[PDB]
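Asker: What follows is a structure written as C-alpha cells; I'll ask about it next.
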Amino acid sequence: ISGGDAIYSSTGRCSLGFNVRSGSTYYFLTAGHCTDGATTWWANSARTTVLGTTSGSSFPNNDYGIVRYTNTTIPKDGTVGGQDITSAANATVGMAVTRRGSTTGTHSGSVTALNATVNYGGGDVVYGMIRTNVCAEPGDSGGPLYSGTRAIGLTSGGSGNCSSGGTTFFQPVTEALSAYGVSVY
Amino acid sequence: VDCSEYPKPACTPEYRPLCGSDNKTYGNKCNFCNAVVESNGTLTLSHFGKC
C-alpha cells in the first residue's frame, strides 16, 4: 500500500497520504476531514483488509490525521505509487508539484500561493494552506503532494475538476510530521 | 440533502456518492449542491449512491 492508494472508513473513501513511522511504529497520514469521526480503516471496499485505527485527527483549522497500522502483513511502501520519497520540504511559490489520488491518479502543476485560508462552510475553516493549480475530485482526499522525492502536502480540498481544471489546497506535510513526531520513509 | 447553504467556494473531496437527476454520480453532497446551484436549481436528487 502506498501514497495515492484508496483507504476506506465506515463512511466513505479517501486516499492514503504518506507512509510514515516513529521508531518501529508505523502509521499513515491522510486528511483530518477523513479521520474525524472514523475509527477503523480498511484497504478495500469489501472492508476485509484491515489497515489500522485512527490515532489522531486535526480538522478543521488544520487538515491532517494519523492512523496507526494494525495490519502486520500489508506491505507499507514508503513511496507514492512507484515514486520513492526520501524527505519532506516546505512548499515554495512556483514549486512544481504532483498529486496522486485514488480516484484521479497522478496530476501535476505548481504552487501558486502559501498560507491560504479555505472556508468549507459551517465553521469548517482551514488555514495555512498551500494553493495550487492542480485538480482533485471526490475520493482524492488526503492524497500526497510531492515534488520528485520530497513530501510536500496532503489534499484538503478546493474547486473545479480535472476535466475543466481546478484549484486544490494542500496541507503542509511538515506540520503534520512535527505534530505527531513521525518521519517519512 | 439541503442545498441552502450553497454555493460553497470549496469542497473537501471525500467520497460519499449521490445520484443526480442527470444520471451523473456526484462524489459528495458539496459537489452535488454546487451543481444544483450551477444549474440554477434544475438538478435534483434521484437517490443516494452511485447512479
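We name chains A, B, ... following the order of the C-alpha cells; residues begin at 1 in each chain, and ligands are numbered from 1 as shown.
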Distance cut-off 8 Å, counting only C-alpha atoms - which residues of chain B neighbour chain A? Return them as a list in words.
Answerer: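 Taking only C-alpha atoms into account, residues 8, 9, 10, 11, 12, 13, 14, 15, 16, 27 and 28 of chain B sit within 8 Å of chain A.
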Asker: Considering only C-alpha atoms, return as a PyMOL selection string whatever protein or nucleic-acid residues lie within 12 Å of residue 23 in chain A, sequence-local ones (same chain, fewer than 4 positions apart) excluded.
Answerer: chain A and resi 27+181-185
Asker: Which of these residues is nearest to residue 146 in chain A, using only C-alpha atoms: A:50, A:3, A:162, A:9?
Answerer: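 The shortest atom-to-atom distance to residue 146 in chain A comes from A:3.
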Asker: Counting only C-alpha atoms, what is within 6 Å of residue 46 in chain B, bar same-chain residues fewer than 4 positions away, as a PDB file with N, CA and C atoms, in the first residue's frame?
Answerer:
```pdb
ATOM      1  N   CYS B  19     -26.721  10.226  -6.524  1.00  0.00           N
ATOM      2  CA  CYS B  19     -27.112  10.177  -7.878  1.00  0.00           C
ATOM      3  C   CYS B  19     -28.053  11.313  -8.191  1.00  0.00           C
ATOM      4  N   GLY B  20     -27.704  12.096  -9.191  1.00  0.00           N
ATOM      5  CA  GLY B  20     -28.447  13.220  -9.606  1.00  0.00           C
ATOM      6  C   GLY B  20     -29.497  12.903 -10.644  1.00  0.00           C
ATOM      7  N   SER B  21     -30.374  13.876 -10.904  1.00  0.00           N
ATOM      8  CA  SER B  21     -31.358  13.605 -11.942  1.00  0.00           C
ATOM      9  C   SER B  21     -30.744  13.542 -13.344  1.00  0.00           C
TER      10      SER B  21
END
```
Asker: Residues near residue 23 in chain B, anyone? I mean within 12 Å using only C-alpha atoms, not counting same-chain ones fewer than 4 positions away, as a CSV table (one decimal) with N, CA, C and O atoms, in the first residue's frame.
Answerer:
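This is the output file around.csv:
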```csv
chain,number,residue,atom,x,y,z
B,18,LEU,N,-23.7,10.3,-4.5
B,18,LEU,CA,-25.1,10.6,-4.7
B,18,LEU,C,-25.5,10.5,-6.2
B,18,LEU,O,-24.6,10.8,-7.0
B,19,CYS,N,-26.7,10.2,-6.5
B,19,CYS,CA,-27.1,10.2,-7.9
B,19,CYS,C,-28.1,11.3,-8.2
B,19,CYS,O,-29.1,11.4,-7.6
B,43,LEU,N,-31.4,20.8,-11.2
B,43,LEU,CA,-30.9,19.5,-10.8
B,43,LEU,C,-31.5,19.0,-9.5
B,43,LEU,O,-31.5,19.8,-8.6
B,44,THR,N,-31.8,17.7,-9.5
B,44,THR,CA,-32.3,17.1,-8.3
B,44,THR,C,-31.6,15.8,-7.9
B,44,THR,O,-30.7,15.2,-8.6
B,45,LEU,N,-32.0,15.3,-6.7
B,45,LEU,CA,-31.5,14.1,-6.2
B,45,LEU,C,-32.4,12.9,-6.6
B,45,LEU,O,-33.6,12.8,-6.3
B,46,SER,N,-31.8,11.9,-7.3
B,46,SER,CA,-32.5,10.7,-7.6
B,46,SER,C,-32.5,9.7,-6.5
B,46,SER,O,-33.5,9.2,-6.1
B,47,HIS,N,-31.3,9.5,-6.0
B,47,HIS,CA,-31.1,8.7,-4.8
B,47,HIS,C,-29.7,8.7,-4.3
B,47,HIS,O,-28.8,9.2,-5.0
B,48,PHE,N,-29.5,8.2,-3.0
B,48,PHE,CA,-28.2,8.2,-2.6
B,48,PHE,C,-27.4,6.9,-3.2
B,48,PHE,O,-28.1,6.0,-3.6
B,49,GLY,N,-26.1,7.0,-3.4
B,49,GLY,CA,-25.3,6.0,-4.0
B,49,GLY,C,-25.0,6.5,-5.4
B,49,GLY,O,-25.4,7.5,-5.9
B,50,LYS,N,-24.2,5.6,-6.1
B,50,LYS,CA,-23.8,5.8,-7.5
B,50,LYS,C,-25.1,5.5,-8.3
B,50,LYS,O,-25.9,4.7,-7.8
B,51,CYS,N,-25.2,6.2,-9.4
B,51,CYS,CA,-26.2,6.0,-10.3
B,51,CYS,C,-26.0,4.7,-11.1
B,51,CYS,O,-24.9,4.1,-11.0
```
Asker: Could you find all residues in chain B that DSSP calls strand (DSSP E) from the backbone, and write them as an MDAnalysis selection string?
Answerer: chainID B and resid 18:20 25:26 45:48
Asker: Create the file for the chosen residues now, containing C-alpha atoms and written as a short mmCIF file (atom, residue, chain, number, x, y, z; two decimals), in the first residue's frame.
Answerer:
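Wrote selection_17.cif, looks like this:
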```
data_model
loop_
_atom_site.label_atom_id
_atom_site.label_comp_id
_atom_site.auth_asym_id
_atom_site.auth_seq_id
_atom_site.Cartn_x
_atom_site.Cartn_y
_atom_site.Cartn_z
CA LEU B 18 -25.13 10.60 -4.73
CA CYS B 19 -27.11 10.18 -7.88
CA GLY B 20 -28.45 13.22 -9.61
CA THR B 25 -22.88 10.30 -9.95
CA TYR B 26 -21.69 13.34 -7.79
CA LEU B 45 -31.55 14.06 -6.15
CA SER B 46 -32.53 10.65 -7.65
CA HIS B 47 -31.12 8.66 -4.81
CA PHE B 48 -28.16 8.16 -2.58
#
```
Asker: I'd like to know which of A:42, A:69, A:64, A:170 is closest to residue 131 in chain A, using only C-alpha atoms.
Answerer: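 Looking at the shortest contact to residue 131 in chain A, the residue is A:170.
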Asker: Please return, as a count of residues only, all residues of chain B that DSSP assigns to helix (DSSP H, G or I) on the basis of the backbone.
Answerer: 10
